[PDB]
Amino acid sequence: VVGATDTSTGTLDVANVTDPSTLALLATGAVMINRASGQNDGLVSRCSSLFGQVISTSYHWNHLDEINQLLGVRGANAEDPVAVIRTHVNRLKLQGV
């Protein structure tokens, strides 16, 4: 793809094969970058995602990685989304909700 790169994947990453959304979201994310979005997840820019207390925007994830998708496949550099959501539910618990 022109004008963008996917930092979620390492060299010869199997996620580029087994999960078609990896390369598809790099292509949609490049279209976004040509439309002044800046860094993004393939569908949503970092700027557009910001709301309330931002835990992080540095995860090396595309839009479907966020929901541990397709069928839990993620690039070699992607953080574990199941653990990230779990941590947040404990965060809510410790905040009294």
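The first residue of the sequence shown is number 1, and the count goes up from there.
The deposited model assigns a higher average Cα B-factor to 9-17 than to the other stretch when 84-92 and 9-17 are compared. Among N62, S48, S58, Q39, the highest C-alpha B-factor recorded in the PDB entry belongs to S58. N34: CA B factor in the highest third of modelled residues in this chain (values from the PDB entry).
Sorting the modelled residues of the chain by their CA temperature factor places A78 in the highest third.
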